[PDB]
Amino acid sequence: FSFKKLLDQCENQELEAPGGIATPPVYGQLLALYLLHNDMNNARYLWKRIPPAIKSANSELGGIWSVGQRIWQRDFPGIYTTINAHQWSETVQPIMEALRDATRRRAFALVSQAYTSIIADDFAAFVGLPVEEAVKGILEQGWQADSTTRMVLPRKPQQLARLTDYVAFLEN
Amino acid sequence: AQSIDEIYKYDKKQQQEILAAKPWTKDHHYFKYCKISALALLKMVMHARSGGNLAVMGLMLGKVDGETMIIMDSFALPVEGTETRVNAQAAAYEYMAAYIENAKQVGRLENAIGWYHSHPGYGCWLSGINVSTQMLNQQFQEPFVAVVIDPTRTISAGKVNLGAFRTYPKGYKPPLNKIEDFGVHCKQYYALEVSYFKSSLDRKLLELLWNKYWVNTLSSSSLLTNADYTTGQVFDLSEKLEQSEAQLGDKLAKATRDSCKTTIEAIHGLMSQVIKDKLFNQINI
Amino acid sequence: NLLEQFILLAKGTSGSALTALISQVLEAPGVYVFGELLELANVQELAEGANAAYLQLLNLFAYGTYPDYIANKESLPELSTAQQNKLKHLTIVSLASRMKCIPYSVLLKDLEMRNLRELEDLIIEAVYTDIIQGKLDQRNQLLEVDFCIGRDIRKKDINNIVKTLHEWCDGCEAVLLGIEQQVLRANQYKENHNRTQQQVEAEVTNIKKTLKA
């Protein structure tokens with residue numbers, strides 16, 4: 001889709017540079033994209049790839065890296081707290097919130113799988129939404145919750161040619 | 001065509017060369033394959049069933065190619081044998097002497113290649129007298145093979161039940177599952193692998209006269225009828241592979257051929273299943 | 001094979017006798033396809049007059065199902081136990097025509113039965129008449145139908161038969177075309193393998209010949 005072409009554009013931008021170092025905005029955009037796709041190894045390697053002088057010159061790189069450390073340790077509740085600490089540039093204003101949504105979905109998976117019963121406070125910390133998302137669990141999704149115990153209960157959700165190829169390979 | 005039209009083209013130069021070389025005199029385990037024509041098979045079956053529970057027998061016509069005995073025709077000797085023994089006293093010999101000349105007149109260039117004989121109700125094997133006769137025929141007519149056909153077992157089981165055997169020469173010095181299937185002389189002979197072949201025109205008229213059993217094939221559904229046969233082939237192939245790797249330290253080629261044959265039949269069954277699913281299950285939603 | 005004997009003596013009668021004969025036909029066991037009788041001019045002429053209810057009942061017994069005799073139960077004449085059982089059997093046949101695994105809930109709702117035991121008894125007695133062949137799965141609450149008789153076909157849904165048979169023929173043609181294409185591809189692969197083997201053989205014997213200097 002368009003995401004593939006956008007990634008191709010970033011690959012082109014990274015491929016050639018005046019001296020192997022690109023502009024700080026595109027470096028921050030690449031680091032944010034690496035954080036978005038959960039490709040954290042390339043994210044940290046890009047972070048150490050940045051020269052120390054330009055790294056210390058701008059604090060936006062520091063904030064992006066702090067978000068990267070927060071997501072590296074899988075500290076879900078603190079990801080939203082850290083992502084809101086700083087203000088991002090305008091050209092990446094709407095997409096970074098989208099990244100938050102992505103993390104949202106990630107947390108949802110980590111609750112739907114690997115949790116038969118989850119404490120309401122821990123569930124709210126993982127998803128980030130304080131109390132209202134719990135409602136979305138029962139009314140919309142279809143779970144069954146109960147009060148006075150705060151125990152959320154997640155619920156776990158062309159060939160003939162191939163065979164001819166196999167026989168042709170095996171017979172010869 | 002052309003390539004599949006072979007085996008019916010009979011030449012005398014190659015036959016003379018292999019008959020003069022006599023390579024079987026050195027290697028006693030020479031012949032391992034018996035390629036029998038459809039006509040010979042059909043004539044053998046009908047002659048064997050014609051005698052009922054009395055033993056009947058006849059000759060074969062054919063040739064030799066490498067390590068393979070090719071059977072192209074079958075005889076019908078005028079022998080009046082008992083329920084367990086056939087003799088061929090004096091009329092069979094003159095009949096087979098005259099039949100070869102009569103066939104030479106019309107164009108049958110194949111010479112005698114062996115004898116076929118019926119075992120009405122006692123499997124397919126060589127008894128003591130069968131071993132003696134076959135070994136004599138091999139000692140004086142070196143290219144030879146003894147075929148035994150069971151008519152009653154073939155009719156009861158619904159499958160062709162015949163075998164081809166060649167005896168070891170006297171003095172050939174070199175488990176418990178070869179004593180009930182065969183006789184006490186089971187070590188005096190060996191069984192050639194038997195395969196059947198037909199011609200282009202024969203298969204043409206066979207497919208032409210195939211107009212009532214399409215229902216049988218459209219619901220044949222192998223991989224269930226031949227499941228036991230397939231797993232038998234597989235656990236024999238595992239032992240064959242073990243022998244091949246022991247040799248490694250060409251058996252591996254034969255094991256690979258057997259694995260390919262079993263796998264190809266399995267994929268043929270799967271192709272039949274896929275075709276049936278496309279035909280009957282992808283229609284009317 | 002019993003409607004013809006009724007038609008033979010139904011070709012001259014008309015009026016109340018014709019409606020009585022229609023009721024007898026709907027009552028007689030073994031009659032489940034009232035199509036040939038429905039084609040008679042005497043039966044079709046019943047639309048005009050006070051006997052249109054019997055023609056409507058015959059049309060219901062030929063094409064309709066039991067729920068169709070729910071909204072207009074009072075308008076149509078009251079049906080005896082035999083006629084109601086026959087209509088329920090025809091509803092079961094219609095359900096089996098469109099699905100080969102009928103849930104018990106569908107049968108209970110359509111046949112208006114409050115007991116599972118009586119529904120299963122009705123299905124068993126319908127199996128006895130040989131209109132349908134099948135088995136009852138109590139664990140899954142299902143009726144599995146292997147075969148069902150063809151109910152009456154009117155002269156407005158023959159296009160459905162034409163469409164289904166045309167789709168079957170199209171599927172057969174596509175399967176044949178695919179088989180031919182795969183045969184051609186397999187033959188091409190075999191010929192390529194044989195050609196490569198023979199070319200390699202020719203090259204090695206050529207190198208062997210020139211190496212013997």
# chains A, B, ... in the order shown; residues from 1 in each chain; ligands from 1
>>> residues_around(residues="residue 119 (chain B)", least_positions_apart="3", cutoff="6 Å", atoms="only C-alpha atoms", output="list in words")
residues 122, 149 and 150 of chain B
>>> residues_around(residues="residue 8 (chain B)", least_positions_apart="2", cutoff="12 Å", atoms="only C-alpha atoms", output="ChimeraX atom specification")
/B:2-6,10-11,35-37,62-63,70-73,108-110,197-200
>>> select_by_dssp(residues="region 26-182 of chain C", states="strand (DSSP E or B)", output="MDAnalysis selection string")
chainID C and resid 101:103 132:137 142:148
>>> write_last_selection(atoms="N, CA and C atoms", output="mmCIF file, in the first residue's frame")
data_model
loop_
_atom_site.group_PDB
_atom_site.id
_atom_site.type_symbol
_atom_site.label_atom_id
_atom_site.label_comp_id
_atom_site.auth_asym_id
_atom_site.auth_seq_id
_atom_site.Cartn_x
_atom_site.Cartn_y
_atom_site.Cartn_z
ATOM 1 N N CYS C 101 -28.056 -30.436 6.634
ATOM 2 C CA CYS C 101 -27.904 -30.575 8.086
ATOM 3 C C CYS C 101 -28.864 -29.569 8.717
ATOM 4 N N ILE C 102 -30.073 -30.027 9.021
ATOM 5 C CA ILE C 102 -31.145 -29.158 9.495
ATOM 6 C C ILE C 102 -31.072 -29.099 11.019
ATOM 7 N N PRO C 103 -30.884 -27.922 11.615
ATOM 8 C CA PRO C 103 -30.906 -27.831 13.078
ATOM 9 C C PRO C 103 -32.291 -28.133 13.631
ATOM 10 N N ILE C 132 -37.647 -38.829 2.625
ATOM 11 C CA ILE C 132 -36.288 -38.442 2.973
ATOM 12 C C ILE C 132 -35.595 -39.629 3.620
ATOM 13 N N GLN C 133 -34.276 -39.666 3.472
ATOM 14 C CA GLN C 133 -33.422 -40.624 4.157
ATOM 15 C C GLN C 133 -32.392 -39.841 4.951
ATOM 16 N N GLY C 134 -32.246 -40.170 6.225
ATOM 17 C CA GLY C 134 -31.331 -39.412 7.056
ATOM 18 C C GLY C 134 -31.272 -39.975 8.456
ATOM 19 N N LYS C 135 -30.479 -39.301 9.280
ATOM 20 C CA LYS C 135 -30.236 -39.712 10.653
ATOM 21 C C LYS C 135 -30.363 -38.518 11.587
ATOM 22 N N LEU C 136 -30.709 -38.806 12.837
ATOM 23 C CA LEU C 136 -30.920 -37.786 13.853
ATOM 24 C C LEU C 136 -29.743 -37.793 14.819
ATOM 25 N N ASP C 137 -29.093 -36.644 14.966
ATOM 26 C CA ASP C 137 -27.959 -36.467 15.865
ATOM 27 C C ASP C 137 -28.444 -35.652 17.058
ATOM 28 N N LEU C 142 -29.273 -32.123 15.363
ATOM 29 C CA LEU C 142 -29.195 -31.991 13.918
ATOM 30 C C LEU C 142 -29.946 -33.135 13.253
ATOM 31 N N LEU C 143 -30.381 -32.894 12.021
ATOM 32 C CA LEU C 143 -30.923 -33.931 11.152
ATOM 33 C C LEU C 143 -30.080 -33.933 9.885
ATOM 34 N N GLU C 144 -29.356 -35.026 9.653
ATOM 35 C CA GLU C 144 -28.497 -35.152 8.484
ATOM 36 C C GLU C 144 -29.248 -35.923 7.407
ATOM 37 N N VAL C 145 -29.432 -35.296 6.249
ATOM 38 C CA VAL C 145 -30.236 -35.844 5.163
ATOM 39 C C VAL C 145 -29.301 -36.252 4.035
ATOM 40 N N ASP C 146 -29.344 -37.534 3.666
ATOM 41 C CA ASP C 146 -28.556 -38.009 2.536
ATOM 42 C C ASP C 146 -29.314 -37.851 1.226
ATOM 43 N N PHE C 147 -30.624 -38.081 1.246
ATOM 44 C CA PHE C 147 -31.432 -38.026 0.038
ATOM 45 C C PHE C 147 -32.815 -37.505 0.394
ATOM 46 N N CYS C 148 -33.396 -36.742 -0.528
ATOM 47 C CA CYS C 148 -34.761 -36.263 -0.383
ATOM 48 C C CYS C 148 -35.413 -36.239 -1.756
#
>>> interface_residues(of="chain B", to="chain C", cutoff="7 Å", atoms="only C-alpha atoms", output="ChimeraX atom specification")
/B:279,283-284
>>> atom_distance(atom1="CA of residue 154 (chain B)", atom2="CA of residue 194 (chain B)")
15.7 Å
>>> closest_atom_pairs(of="chain A", to="chain C", cutoff="7 Å", atoms="only C-alpha atoms", output="Markdown table")
| residue | atom | partner | partner_atom | distance |
| --- | --- | --- | --- | --- |
| A:161 | CA | C:182 | CA | 6.2 |
| A:164 | CA | C:182 | CA | 6.6 |
| A:168 | CA | C:186 | CA | 6.1 |
>>> decode(residues="region 212-250 of chain B", atoms="N, CA and C atoms", output="PDB file, in the first residue's frame")
ATOM      1  N   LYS B 212     -18.546 -47.381 -18.887  1.00  0.00           N
ATOM      2  CA  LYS B 212     -19.477 -47.763 -17.836  1.00  0.00           C
ATOM      3  C   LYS B 212     -18.920 -47.598 -16.433  1.00  0.00           C
ATOM      4  N   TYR B 213     -17.616 -47.367 -16.284  1.00  0.00           N
ATOM      5  CA  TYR B 213     -16.973 -47.323 -14.979  1.00  0.00           C
ATOM      6  C   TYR B 213     -16.481 -45.926 -14.619  1.00  0.00           C
ATOM      7  N   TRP B 214     -17.023 -44.891 -15.265  1.00  0.00           N
ATOM      8  CA  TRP B 214     -16.674 -43.524 -14.894  1.00  0.00           C
ATOM      9  C   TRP B 214     -17.169 -43.179 -13.496  1.00  0.00           C
ATOM     10  N   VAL B 215     -18.304 -43.747 -13.084  1.00  0.00           N
ATOM     11  CA  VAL B 215     -18.793 -43.538 -11.725  1.00  0.00           C
ATOM     12  C   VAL B 215     -17.813 -44.119 -10.716  1.00  0.00           C
ATOM     13  N   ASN B 216     -17.211 -45.263 -11.045  1.00  0.00           N
ATOM     14  CA  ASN B 216     -16.259 -45.892 -10.136  1.00  0.00           C
ATOM     15  C   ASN B 216     -15.036 -45.011  -9.915  1.00  0.00           C
ATOM     16  N   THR B 217     -14.529 -44.383 -10.977  1.00  0.00           N
ATOM     17  CA  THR B 217     -13.358 -43.525 -10.836  1.00  0.00           C
ATOM     18  C   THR B 217     -13.702 -42.179 -10.215  1.00  0.00           C
ATOM     19  N   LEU B 218     -14.895 -41.648 -10.494  1.00  0.00           N
ATOM     20  CA  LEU B 218     -15.280 -40.359  -9.932  1.00  0.00           C
ATOM     21  C   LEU B 218     -15.510 -40.427  -8.430  1.00  0.00           C
ATOM     22  N   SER B 219     -15.578 -41.631  -7.860  1.00  0.00           N
ATOM     23  CA  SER B 219     -15.710 -41.817  -6.421  1.00  0.00           C
ATOM     24  C   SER B 219     -14.782 -42.920  -5.926  1.00  0.00           C
ATOM     25  N   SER B 220     -13.694 -43.177  -6.655  1.00  0.00           N
ATOM     26  CA  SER B 220     -12.744 -44.207  -6.242  1.00  0.00           C
ATOM     27  C   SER B 220     -12.105 -43.845  -4.909  1.00  0.00           C
ATOM     28  N   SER B 221     -11.557 -42.631  -4.816  1.00  0.00           N
ATOM     29  CA  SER B 221     -11.110 -42.050  -3.554  1.00  0.00           C
ATOM     30  C   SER B 221     -10.059 -42.935  -2.876  1.00  0.00           C
ATOM     31  N   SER B 222      -8.904 -43.013  -3.531  1.00  0.00           N
ATOM     32  CA  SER B 222      -7.761 -43.683  -2.934  1.00  0.00           C
ATOM     33  C   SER B 222      -7.258 -42.869  -1.742  1.00  0.00           C
ATOM     34  N   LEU B 223      -6.134 -43.316  -1.172  1.00  0.00           N
ATOM     35  CA  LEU B 223      -5.576 -42.824   0.089  1.00  0.00           C
ATOM     36  C   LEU B 223      -6.402 -43.328   1.267  1.00  0.00           C
ATOM     37  N   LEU B 224      -7.505 -44.010   0.978  1.00  0.00           N
ATOM     38  CA  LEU B 224      -8.277 -44.744   1.973  1.00  0.00           C
ATOM     39  C   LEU B 224      -8.361 -46.228   1.667  1.00  0.00           C
ATOM     40  N   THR B 225      -8.552 -46.598   0.401  1.00  0.00           N
ATOM     41  CA  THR B 225      -8.510 -48.005   0.025  1.00  0.00           C
ATOM     42  C   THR B 225      -7.083 -48.539   0.000  1.00  0.00           C
ATOM     43  N   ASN B 226      -6.111 -47.696  -0.349  1.00  0.00           N
ATOM     44  CA  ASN B 226      -4.707 -48.084  -0.397  1.00  0.00           C
ATOM     45  C   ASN B 226      -3.902 -47.462   0.740  1.00  0.00           C
ATOM     46  N   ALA B 227      -4.558 -47.141   1.856  1.00  0.00           N
ATOM     47  CA  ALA B 227      -3.839 -46.587   3.000  1.00  0.00           C
ATOM     48  C   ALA B 227      -2.899 -47.620   3.608  1.00  0.00           C
ATOM     49  N   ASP B 228      -3.394 -48.844   3.814  1.00  0.00           N
ATOM     50  CA  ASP B 228      -2.556 -49.902   4.367  1.00  0.00           C
ATOM     51  C   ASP B 228      -1.422 -50.259   3.416  1.00  0.00           C
ATOM     52  N   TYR B 229      -1.709 -50.322   2.115  1.00  0.00           N
ATOM     53  CA  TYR B 229      -0.654 -50.585   1.143  1.00  0.00           C
ATOM     54  C   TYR B 229       0.386 -49.472   1.148  1.00  0.00           C
ATOM     55  N   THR B 230      -0.061 -48.219   1.261  1.00  0.00           N
ATOM     56  CA  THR B 230       0.877 -47.101   1.278  1.00  0.00           C
ATOM     57  C   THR B 230       1.768 -47.137   2.515  1.00  0.00           C
ATOM     58  N   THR B 231       1.195 -47.398   3.694  1.00  0.00           N
ATOM     59  CA  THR B 231       2.037 -47.453   4.886  1.00  0.00           C
ATOM     60  C   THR B 231       2.949 -48.675   4.870  1.00  0.00           C
ATOM     61  N   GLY B 232       2.517 -49.771   4.239  1.00  0.00           N
ATOM     62  CA  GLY B 232       3.422 -50.887   4.029  1.00  0.00           C
ATOM     63  C   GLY B 232       4.599 -50.515   3.148  1.00  0.00           C
ATOM     64  N   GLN B 233       4.323 -49.831   2.036  1.00  0.00           N
ATOM     65  CA  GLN B 233       5.400 -49.353   1.179  1.00  0.00           C
ATOM     66  C   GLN B 233       6.332 -48.423   1.941  1.00  0.00           C
ATOM     67  N   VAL B 234       5.777 -47.594   2.826  1.00  0.00           N
ATOM     68  CA  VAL B 234       6.600 -46.632   3.553  1.00  0.00           C
ATOM     69  C   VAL B 234       7.510 -47.337   4.557  1.00  0.00           C
ATOM     70  N   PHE B 235       6.984 -48.314   5.303  1.00  0.00           N
ATOM     71  CA  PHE B 235       7.861 -48.928   6.295  1.00  0.00           C
ATOM     72  C   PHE B 235       8.792 -49.960   5.670  1.00  0.00           C
ATOM     73  N   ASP B 236       8.532 -50.387   4.428  1.00  0.00           N
ATOM     74  CA  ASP B 236       9.566 -51.104   3.685  1.00  0.00           C
ATOM     75  C   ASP B 236      10.622 -50.147   3.142  1.00  0.00           C
ATOM     76  N   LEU B 237      10.197 -48.954   2.720  1.00  0.00           N
ATOM     77  CA  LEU B 237      11.123 -47.955   2.206  1.00  0.00           C
ATOM     78  C   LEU B 237      12.067 -47.451   3.287  1.00  0.00           C
ATOM     79  N   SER B 238      11.605 -47.386   4.536  1.00  0.00           N
ATOM     80  CA  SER B 238      12.502 -46.994   5.621  1.00  0.00           C
ATOM     81  C   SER B 238      13.641 -47.997   5.782  1.00  0.00           C
ATOM     82  N   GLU B 239      13.329 -49.294   5.724  1.00  0.00           N
ATOM     83  CA  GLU B 239      14.374 -50.311   5.794  1.00  0.00           C
ATOM     84  C   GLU B 239      15.278 -50.261   4.569  1.00  0.00           C
ATOM     85  N   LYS B 240      14.704 -49.988   3.395  1.00  0.00           N
ATOM     86  CA  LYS B 240      15.526 -49.834   2.198  1.00  0.00           C
ATOM     87  C   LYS B 240      16.500 -48.670   2.346  1.00  0.00           C
ATOM     88  N   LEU B 241      16.036 -47.556   2.914  1.00  0.00           N
ATOM     89  CA  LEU B 241      16.912 -46.413   3.152  1.00  0.00           C
ATOM     90  C   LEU B 241      17.984 -46.742   4.181  1.00  0.00           C
ATOM     91  N   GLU B 242      17.635 -47.531   5.201  1.00  0.00           N
ATOM     92  CA  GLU B 242      18.636 -47.964   6.171  1.00  0.00           C
ATOM     93  C   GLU B 242      19.716 -48.808   5.503  1.00  0.00           C
ATOM     94  N   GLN B 243      19.313 -49.725   4.622  1.00  0.00           N
ATOM     95  CA  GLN B 243      20.291 -50.510   3.875  1.00  0.00           C
ATOM     96  C   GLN B 243      21.149 -49.617   2.985  1.00  0.00           C
ATOM     97  N   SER B 244      20.531 -48.622   2.345  1.00  0.00           N
ATOM     98  CA  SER B 244      21.276 -47.720   1.473  1.00  0.00           C
ATOM     99  C   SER B 244      22.314 -46.921   2.251  1.00  0.00           C
ATOM    100  N   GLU B 245      21.943 -46.404   3.425  1.00  0.00           N
ATOM    101  CA  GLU B 245      22.907 -45.639   4.211  1.00  0.00           C
ATOM    102  C   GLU B 245      23.976 -46.540   4.816  1.00  0.00           C
ATOM    103  N   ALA B 246      23.641 -47.799   5.112  1.00  0.00           N
ATOM    104  CA  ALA B 246      24.674 -48.748   5.514  1.00  0.00           C
ATOM    105  C   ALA B 246      25.667 -48.976   4.382  1.00  0.00           C
ATOM    106  N   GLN B 247      25.166 -49.080   3.150  1.00  0.00           N
ATOM    107  CA  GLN B 247      26.050 -49.175   1.991  1.00  0.00           C
ATOM    108  C   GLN B 247      26.887 -47.911   1.833  1.00  0.00           C
ATOM    109  N   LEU B 248      26.326 -46.757   2.207  1.00  0.00           N
ATOM    110  CA  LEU B 248      27.047 -45.495   2.069  1.00  0.00           C
ATOM    111  C   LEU B 248      28.331 -45.494   2.890  1.00  0.00           C
ATOM    112  N   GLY B 249      28.270 -45.995   4.119  1.00  0.00           N
ATOM    113  CA  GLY B 249      29.440 -46.061   4.974  1.00  0.00           C
ATOM    114  C   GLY B 249      29.963 -44.701   5.394  1.00  0.00           C
ATOM    115  N   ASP B 250      23.509 -49.534  -7.131  1.00  0.00           N
ATOM    116  CA  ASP B 250      23.267 -48.418  -6.225  1.00  0.00           C
ATOM    117  C   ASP B 250      21.956 -48.606  -5.470  1.00  0.00           C
TER     118      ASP B 250
END
